[PDB]
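Peer 1: Next comes the structure file start_34.txt, holding compact mmCIF, C-alpha atoms and all ligand atoms.
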# COMPACT_ATOMS: atom_id res chain seq x y z
CA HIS A 3 -20.60 -0.78 -12.78
CA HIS A 4 -17.31 -2.08 -11.28
CA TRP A 5 -15.76 -0.92 -8.10
CA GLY A 6 -13.93 2.25 -7.51
CA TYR A 7 -13.69 5.21 -5.16
CA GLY A 8 -16.87 7.27 -6.11
CA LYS A 9 -20.30 7.85 -4.42
CA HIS A 10 -21.85 5.12 -6.35
CA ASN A 11 -19.07 2.52 -6.44
CA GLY A 12 -16.74 3.41 -3.55
CA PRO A 13 -15.90 1.65 -0.30
CA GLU A 14 -19.35 1.69 1.13
CA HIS A 15 -20.70 -0.40 -1.84
CA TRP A 16 -17.88 -2.98 -2.11
CA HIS A 17 -19.59 -5.46 0.19
CA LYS A 18 -22.25 -6.28 -2.41
CA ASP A 19 -19.68 -7.76 -4.86
CA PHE A 20 -17.21 -8.78 -2.16
CA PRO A 21 -19.02 -9.79 1.03
CA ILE A 22 -15.76 -10.34 2.96
CA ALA A 23 -15.63 -6.52 3.06
CA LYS A 24 -17.57 -7.07 6.35
CA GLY A 25 -15.22 -9.83 7.50
CA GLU A 26 -13.20 -10.40 10.59
CA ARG A 27 -9.78 -9.20 9.55
CA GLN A 28 -10.38 -6.25 7.16
CA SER A 29 -7.89 -3.44 6.45
CA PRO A 30 -7.08 -0.63 6.94
CA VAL A 31 -7.56 0.08 10.63
CA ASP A 32 -6.97 2.92 13.04
CA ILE A 33 -3.80 2.22 15.00
CA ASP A 34 -4.51 3.35 18.58
CA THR A 35 -0.93 3.82 19.70
CA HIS A 36 -1.79 3.64 23.41
CA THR A 37 -3.56 0.24 22.96
CA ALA A 38 -0.88 -1.37 20.69
CA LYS A 39 1.12 -3.80 22.71
CA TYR A 40 4.88 -3.66 22.68
CA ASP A 41 6.11 -7.21 21.79
CA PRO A 42 9.64 -7.74 22.81
CA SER A 43 9.58 -11.01 20.86
CA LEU A 44 9.16 -9.11 17.51
CA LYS A 45 12.36 -9.05 15.40
CA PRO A 46 13.85 -6.13 13.44
CA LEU A 47 12.37 -6.05 10.03
CA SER A 48 14.72 -7.21 7.27
CA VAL A 49 14.29 -5.26 4.10
CA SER A 50 16.67 -6.41 1.39
CA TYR A 51 16.11 -4.36 -1.69
CA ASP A 52 19.80 -4.30 -3.00
CA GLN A 53 18.89 -6.34 -6.14
CA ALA A 54 15.40 -5.17 -6.81
CA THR A 55 14.57 -5.11 -10.47
CA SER A 56 11.91 -2.73 -11.24
CA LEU A 57 10.48 -3.26 -14.67
CA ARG A 58 7.48 -1.04 -15.38
CA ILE A 59 4.94 1.42 -14.03
CA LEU A 60 1.24 0.89 -14.63
CA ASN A 61 -1.83 3.07 -14.19
CA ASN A 62 -4.68 0.48 -13.47
CA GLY A 63 -7.55 2.98 -13.03
CA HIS A 64 -7.29 2.81 -9.17
CA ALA A 65 -3.75 3.86 -8.49
CA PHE A 66 -0.43 3.26 -10.24
CA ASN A 67 1.86 0.15 -9.61
CA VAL A 68 5.63 0.17 -9.84
CA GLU A 69 6.29 -3.47 -10.75
CA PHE A 70 9.24 -5.67 -9.99
CA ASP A 71 10.48 -8.84 -11.67
CA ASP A 72 9.70 -11.31 -8.88
CA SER A 73 10.91 -14.47 -10.84
CA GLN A 74 14.02 -14.68 -8.68
CA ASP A 75 15.00 -14.33 -5.11
CA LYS A 76 15.66 -10.53 -5.11
CA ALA A 77 13.98 -7.80 -3.08
CA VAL A 78 12.81 -9.66 0.06
CA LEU A 79 11.12 -8.87 3.22
CA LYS A 80 11.59 -11.05 6.21
CA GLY A 81 11.98 -10.92 9.99
CA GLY A 82 9.72 -8.69 11.83
CA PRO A 83 6.62 -10.65 12.70
CA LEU A 84 7.10 -12.86 9.60
CA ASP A 85 8.00 -16.52 9.33
CA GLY A 86 9.82 -17.23 6.10
CA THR A 87 10.47 -14.88 3.17
CA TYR A 88 8.33 -12.59 1.18
CA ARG A 89 9.23 -11.27 -2.29
CA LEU A 90 8.48 -7.77 -3.53
CA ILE A 91 6.03 -7.79 -6.46
CA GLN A 92 4.90 -4.13 -6.71
CA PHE A 93 4.39 -0.93 -4.83
CA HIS A 94 1.65 1.73 -5.16
CA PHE A 95 0.16 4.65 -3.16
CA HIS A 96 -3.17 5.87 -1.88
CA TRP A 97 -3.59 9.66 -1.58
CA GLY A 98 -6.09 12.46 -1.06
CA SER A 99 -7.64 15.35 -2.88
CA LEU A 100 -6.23 17.46 -0.04
CA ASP A 101 -3.16 17.19 2.14
CA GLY A 102 -5.36 16.49 5.23
CA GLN A 103 -6.39 13.05 3.89
CA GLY A 104 -5.11 10.18 1.76
CA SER A 105 -3.80 7.44 4.06
CA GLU A 106 -5.69 4.27 4.64
CA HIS A 107 -4.25 3.43 8.02
CA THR A 108 -4.64 6.23 10.64
CA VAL A 109 -2.66 6.75 13.82
CA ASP A 110 -4.86 7.87 16.80
CA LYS A 111 -7.25 8.99 14.04
CA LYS A 112 -4.62 11.10 12.31
CA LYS A 113 -4.88 10.84 8.50
CA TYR A 114 -1.66 11.36 6.51
CA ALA A 115 -1.51 12.85 3.01
CA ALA A 116 -0.80 9.52 1.43
CA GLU A 117 0.36 5.95 2.13
CA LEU A 118 2.78 3.77 0.24
CA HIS A 119 2.18 -0.01 0.08
CA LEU A 120 5.16 -2.32 -0.80
CA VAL A 121 3.49 -5.66 -1.55
CA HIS A 122 5.32 -8.90 -1.01
CA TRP A 123 4.17 -12.50 -1.40
CA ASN A 124 5.23 -15.51 0.65
CA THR A 125 7.66 -17.68 -1.32
CA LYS A 127 6.19 -20.82 0.23
CA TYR A 128 3.19 -20.41 -2.09
CA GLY A 129 5.18 -20.03 -5.29
CA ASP A 130 3.45 -17.02 -6.79
CA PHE A 131 1.28 -14.05 -5.88
CA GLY A 132 -1.98 -15.58 -7.22
CA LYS A 133 -1.67 -18.63 -5.02
CA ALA A 134 -0.37 -16.58 -2.04
CA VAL A 135 -3.50 -14.38 -1.88
CA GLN A 136 -5.63 -17.46 -1.18
CA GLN A 137 -3.68 -18.09 2.09
CA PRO A 138 -3.98 -16.36 5.49
CA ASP A 139 -0.20 -15.73 5.57
CA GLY A 140 0.08 -15.15 1.81
CA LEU A 141 1.17 -11.53 1.67
CA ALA A 142 3.20 -8.98 3.79
CA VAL A 143 2.62 -5.38 3.04
CA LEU A 144 5.00 -2.71 4.27
CA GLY A 145 3.00 0.48 4.70
CA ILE A 146 4.70 3.85 4.94
CA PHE A 147 2.89 7.15 5.60
CA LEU A 148 3.65 10.25 3.55
CA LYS A 149 3.35 13.80 4.94
CA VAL A 150 3.80 16.97 2.90
CA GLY A 151 7.01 18.93 3.69
CA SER A 152 10.47 18.65 2.08
CA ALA A 153 10.69 16.63 -1.16
CA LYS A 154 11.79 12.92 -1.00
CA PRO A 155 14.59 12.83 -3.57
CA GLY A 156 14.20 9.10 -4.04
CA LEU A 157 10.64 9.59 -5.07
CA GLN A 158 11.30 12.02 -7.93
CA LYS A 159 11.89 9.38 -10.60
CA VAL A 160 8.40 8.02 -9.93
CA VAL A 161 6.93 11.50 -10.08
CA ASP A 162 8.65 12.29 -13.31
CA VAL A 163 7.28 9.31 -15.23
CA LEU A 164 3.68 10.00 -14.27
CA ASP A 165 2.97 12.27 -17.22
CA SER A 166 3.55 9.23 -19.44
CA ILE A 167 0.90 7.12 -17.68
CA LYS A 168 -1.86 9.72 -17.11
CA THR A 169 -4.79 7.50 -17.86
CA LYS A 170 -6.07 3.98 -17.09
CA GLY A 171 -4.27 1.20 -18.81
CA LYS A 172 -1.13 3.24 -19.76
CA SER A 173 2.23 1.68 -18.81
CA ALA A 174 5.80 2.94 -19.14
CA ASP A 175 9.16 1.25 -18.98
CA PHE A 176 10.55 1.80 -15.45
CA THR A 177 13.88 0.06 -14.82
CA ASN A 178 16.54 0.48 -12.22
CA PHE A 179 14.04 2.18 -9.85
CA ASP A 180 15.47 1.66 -6.34
CA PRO A 181 12.66 1.42 -3.70
CA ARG A 182 15.27 1.92 -0.91
CA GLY A 183 14.92 5.60 -1.72
CA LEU A 184 11.29 5.55 -0.44
CA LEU A 185 12.25 4.22 3.16
CA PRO A 186 12.42 6.21 6.49
CA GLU A 187 15.42 6.01 8.68
CA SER A 188 13.67 4.05 11.23
CA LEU A 189 12.08 0.60 10.66
CA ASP A 190 10.05 0.71 13.95
CA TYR A 191 6.61 -0.66 13.10
CA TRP A 192 3.18 -1.79 14.14
CA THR A 193 1.82 -5.06 12.80
CA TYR A 194 -1.52 -6.86 12.71
CA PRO A 195 -3.31 -9.51 10.52
CA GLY A 196 -5.59 -7.89 7.87
CA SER A 197 -6.58 -7.92 4.21
CA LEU A 198 -6.14 -6.32 0.85
CA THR A 199 -7.59 -2.75 1.09
CA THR A 200 -8.97 -3.07 -2.41
CA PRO A 201 -11.31 -5.72 -3.87
CA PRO A 202 -11.17 -8.56 -3.67
CA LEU A 203 -10.39 -7.67 -0.04
CA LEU A 204 -8.82 -11.13 0.57
CA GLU A 205 -7.82 -11.75 4.21
CA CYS A 206 -4.26 -12.76 3.32
CA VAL A 207 -2.04 -9.93 4.58
CA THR A 208 0.30 -9.42 7.46
CA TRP A 209 0.45 -5.67 7.71
CA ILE A 210 3.63 -4.00 8.82
CA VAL A 211 3.12 -0.17 9.16
CA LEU A 212 6.15 1.95 9.86
CA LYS A 213 5.82 4.53 12.51
CA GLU A 214 8.11 7.14 10.79
CA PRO A 215 6.53 8.84 7.84
CA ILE A 216 8.44 9.98 4.80
CA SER A 217 8.13 13.58 3.66
CA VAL A 218 7.24 14.49 0.15
CA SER A 219 6.79 17.91 -1.34
CA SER A 220 3.48 19.59 -2.23
CA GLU A 221 4.64 19.58 -5.86
CA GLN A 222 5.27 15.80 -5.74
CA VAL A 223 1.81 15.01 -4.36
CA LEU A 224 0.17 17.49 -6.69
CA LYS A 225 1.52 15.46 -9.58
CA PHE A 226 -0.18 12.28 -8.12
CA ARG A 227 -3.48 14.25 -8.20
CA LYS A 228 -3.06 15.00 -11.91
CA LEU A 229 -3.48 11.30 -12.78
CA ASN A 230 -6.84 10.14 -13.97
CA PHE A 231 -9.12 7.27 -12.98
CA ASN A 232 -10.69 7.36 -16.48
CA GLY A 233 -9.19 5.97 -19.70
CA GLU A 234 -7.96 8.15 -22.67
CA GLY A 235 -10.80 9.74 -24.50
CA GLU A 236 -13.16 9.65 -21.59
CA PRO A 237 -14.20 12.61 -19.32
CA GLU A 238 -11.60 13.47 -16.84
CA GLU A 239 -12.01 12.18 -13.24
CA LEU A 240 -8.89 13.08 -11.29
CA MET A 241 -7.33 10.10 -9.44
CA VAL A 242 -7.67 11.41 -5.85
CA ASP A 243 -9.11 10.05 -2.68
CA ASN A 244 -8.31 6.42 -3.70
CA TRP A 245 -8.25 5.24 -0.05
CA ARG A 246 -10.45 2.88 1.91
CA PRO A 247 -11.39 4.26 5.38
CA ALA A 248 -10.54 2.46 8.63
CA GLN A 249 -12.47 -0.73 9.29
CA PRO A 250 -13.49 -2.28 12.57
CA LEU A 251 -10.64 -3.87 14.46
CA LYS A 252 -12.93 -6.69 15.74
CA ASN A 253 -10.95 -9.44 17.46
CA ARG A 254 -7.42 -8.27 16.68
CA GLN A 255 -4.40 -6.96 18.55
CA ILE A 256 -2.01 -4.49 17.00
CA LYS A 257 1.58 -5.13 18.10
CA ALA A 258 4.45 -2.59 18.33
CA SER A 259 8.03 -3.39 17.64
CA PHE A 260 9.10 -0.46 19.92
CA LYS A 261 8.68 1.36 23.21
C1 LIG B 301 -5.15 -8.18 -6.20
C2 LIG B 301 -5.61 -7.14 -7.26
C3 LIG B 301 -6.04 -7.53 -8.51
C4 LIG B 301 -6.43 -6.58 -9.47
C5 LIG B 301 -6.96 -6.98 -10.77
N1 LIG B 301 -6.31 -5.27 -9.17
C6 LIG B 301 -5.85 -4.92 -7.98
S1 LIG B 301 -5.70 -3.20 -7.74
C7 LIG B 301 -4.90 -3.03 -6.08
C8 LIG B 301 -3.63 -3.87 -6.00
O1 LIG B 301 -2.91 -4.06 -7.04
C9 LIG B 301 -3.22 -4.42 -4.66
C10 LIG B 301 -2.47 -5.63 -4.59
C11 LIG B 301 -2.12 -6.24 -3.48
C12 LIG B 301 -2.20 -5.42 -2.33
CL1 LIG B 301 -1.75 -6.18 -0.88
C13 LIG B 301 -2.93 -4.26 -2.33
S2 LIG B 301 -3.06 -3.26 -0.83
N2 LIG B 301 -3.86 -1.87 -1.12
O2 LIG B 301 -3.80 -3.97 0.15
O3 LIG B 301 -1.62 -3.04 -0.46
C14 LIG B 301 -3.34 -3.74 -3.48
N3 LIG B 301 -5.56 -5.81 -7.03
ZN ZN B 302 -2.64 -0.32 -1.18
Would you encode the structure as structure tokens?
Peer 2:
Amino acid sequence: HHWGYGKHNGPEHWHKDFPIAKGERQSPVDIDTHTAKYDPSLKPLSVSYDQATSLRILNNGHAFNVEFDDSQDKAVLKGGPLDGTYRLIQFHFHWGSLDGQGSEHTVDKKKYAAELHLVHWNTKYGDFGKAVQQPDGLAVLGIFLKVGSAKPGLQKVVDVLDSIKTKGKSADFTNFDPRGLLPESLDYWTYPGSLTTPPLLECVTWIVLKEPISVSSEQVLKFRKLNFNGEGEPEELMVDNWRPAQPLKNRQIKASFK
């Protein structure tokens, strides 16, 4: 009876195995755009994905991860609200059963169709497993997806999905360039939060871009064909793999703009 996204093991139950689910800096949150403070001291984000080595794509039974070789100083996030340098380890998405839901963060209560998370760990802690035990361990760049025109830089991801339908399937996935998943603007909101999945560790500086990317209905439909179950088990489509907004509690969301 492990955690997941259903009635009996979804978000509302996670607190029994992971009590920090009711902690002081949980994610996601609603971003009230009127209440976010513009911080002129925030720096442009620096996203340096020129040498990113993707390696493989994995279906883990919760989402899928596009993984990067993070054994060298390639694919780094820095600047923004960050001190130091964060290295890209993986990205994944959360999405809905319907286009009117799927994001984890919301913007004045608006829910997007999906949300991409590019996960980076702070090099000062040497690896991802040590970084998640620190309050400044991770920086996640979150990008909303709305349904409209296709994102051409997303199609390679879409096209490999039929090879990783079920939990525990992986496929070789090299030369994937995550710059093709990025909006023109890098204006952002930022706040201190947590992993949105168990173990819900309070180790993330969230950086949510204001400009969504558009993807086509046919691209998101292919996300909804994945399965949460493993091969040979009854089919449970992988949809609605999002945690709802959590209380903001004693936190301030900062805007890099306007
Ligand atoms: C840490 C961890 C360990 C195991 C066994 N599974 C997962 S599934 C979700 C995931 O890979 C993950 C990893 C790190 C981040 Cl930061 C986030 S999220 N949804 O907060 O961006 C999600 N996560
Ligand atoms: Zn995520």
Peer 1: Write out as a PyMOL selection string each polymer residue (protein, DNA or RNA) that has an atom no more than 9 Å from ligand LIG 301 (chain B), with all atoms listed in the file counted.
Peer 2: chain A and resi 29-30+62-67+91-96+106+118-123+131-132+135+141-145+196-204+206-207+209+245-246
Peer 1: Could you check how far CA of residue 117 in chain A sits from CA of residue 55 in chain A, in Å to one decimal?
Peer 2: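 Computed distance, CA of residue 117 in chain A to CA of residue 55 in chain A, equals 22.0 Å.
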Peer 1: What is the CA of residue 194 in chain A-CA of residue 83 in chain A distance in Å, reported with one decimal?
Peer 2: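 That distance, rounded to one decimal, is 9.0 Å.
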Peer 1: One decimal, Å: what's the distance from CA of residue 19 in chain A over to CA of residue 195 in chain A, could you say?
Peer 2: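 Computed distance, CA of residue 19 in chain A to CA of residue 195 in chain A, equals 22.5 Å.
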Peer 1: Which neighbours of range 190-193 of chain A fall inside 9 Å, counting all atoms listed in the file, when residues of the same chain fewer than 5 positions from it are skipped, and could you give them as an MDAnalysis selection string?
Peer 2: chainID A and resid 33 35 38 40 46:47 82:83 208:214 255:260
Peer 1: Convert the current residue selection to file output with C-alpha atoms, as a short mmCIF file (atom, residue, chain, number, x, y, z; two decimals), in the frame of the given file.
Peer 2:
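So result09.cif came out as:
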data_model
loop_
_atom_site.label_atom_id
_atom_site.label_comp_id
_atom_site.auth_asym_id
_atom_site.auth_seq_id
_atom_site.Cartn_x
_atom_site.Cartn_y
_atom_site.Cartn_z
CA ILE A 33 -3.80 2.22 15.00
CA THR A 35 -0.93 3.82 19.70
CA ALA A 38 -0.88 -1.37 20.69
CA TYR A 40 4.88 -3.66 22.68
CA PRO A 46 13.85 -6.13 13.44
CA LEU A 47 12.37 -6.05 10.03
CA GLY A 82 9.72 -8.69 11.83
CA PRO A 83 6.62 -10.65 12.70
CA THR A 208 0.30 -9.42 7.46
CA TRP A 209 0.45 -5.67 7.71
CA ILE A 210 3.63 -4.00 8.82
CA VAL A 211 3.12 -0.17 9.16
CA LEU A 212 6.15 1.95 9.86
CA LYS A 213 5.82 4.53 12.51
CA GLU A 214 8.11 7.14 10.79
CA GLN A 255 -4.40 -6.96 18.55
CA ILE A 256 -2.01 -4.49 17.00
CA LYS A 257 1.58 -5.13 18.10
CA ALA A 258 4.45 -2.59 18.33
CA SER A 259 8.03 -3.39 17.64
CA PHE A 260 9.10 -0.46 19.92
#
Peer 1: May I have the residues within 10 Å of residue 174 in chain A as a list in words, using all atoms listed in the file and disregarding those fewer than 6 positions away in the same chain?
Peer 2: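 That gives residues 57, 58, 59, 60, 61, 68, 163, 164, 165, 166 and 167 of chain A.
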Peer 1: Residues at most 8 Å from residue 242 in chain A, counting only C-alpha atoms, excluding those fewer than 4 positions away in the same chain, as a list in words?
Peer 2: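 My list of contacting residues is residues 97, 98, 99, 226 and 227 of chain A.
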Peer 1: Compare A:149, A:228, A:172, A:10 by their minimum atom-to-atom distance to residue 103 in chain A, counting only C-alpha atoms, and give me the closest one.
Peer 2: A:149
Peer 1: Could you check which of A:14, A:175, A:180, A:34 is closest to residue 155 in chain A, using all atoms listed in the file?
Peer 2: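 Answer, going by the shortest atom-to-atom distance: A:180.
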Peer 1: Using all atoms listed in the file, can you tell me which of A:129, A:104, A:247, A:181 comes closest to residue 89 in chain A?
Peer 2: A:129
Peer 1: Just checking: using only C-alpha atoms, which residue out of A:185, A:49, A:54, A:115 ends up closest to residue 222 in chain A?
Peer 2: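 When distances to residue 222 in chain A are compared using only C-alpha atoms, the smallest one comes from A:115.
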Peer 1: Excluding residue 12 in chain A and residues on its chain fewer than 5 positions from it, collect all residues at most 9 Å away from it, counting all atoms listed in the file, and give them as a PDB file with C-alpha atoms, keeping the file's coordinate frame.
Peer 2:
ATOM      1  CA  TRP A   5     -15.760  -0.920  -8.100  1.00  0.00           C
ATOM      2  CA  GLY A   6     -13.930   2.250  -7.510  1.00  0.00           C
ATOM      3  CA  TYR A   7     -13.690   5.210  -5.160  1.00  0.00           C
ATOM      4  CA  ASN A 244      -8.310   6.420  -3.700  1.00  0.00           C
ATOM      5  CA  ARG A 246     -10.450   2.880   1.910  1.00  0.00           C
TER       6      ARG A 246
END
Peer 1: So, counting only C-alpha atoms and all ligand atoms, which residue among A:224, A:116, A:241, A:189 is closest to ligand ZN 302 (chain B)?
Peer 2: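 Of the candidates, the smallest distance to ligand ZN 302 (chain B) is held by A:116.
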Peer 1: Could you put an axis-aligned box around every listed atom of range 210-227 of chain A, padded by 3 Å on each side, and send me its centre and edge lengths in Å to one decimal, as AutoDock Vina command-line options?
Peer 2:
--center_x 2.5 --center_y 7.8 --center_z 1.5 --size_x 17.9 --size_y 29.6 --size_z 28.1
Peer 1: Which is closest to ligand ZN 302 (chain B) among A:146, A:84, A:23, A:153, if we use only C-alpha atoms and all ligand atoms?
Peer 2: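 Closest to ligand ZN 302 (chain B) of all the choices is A:146.
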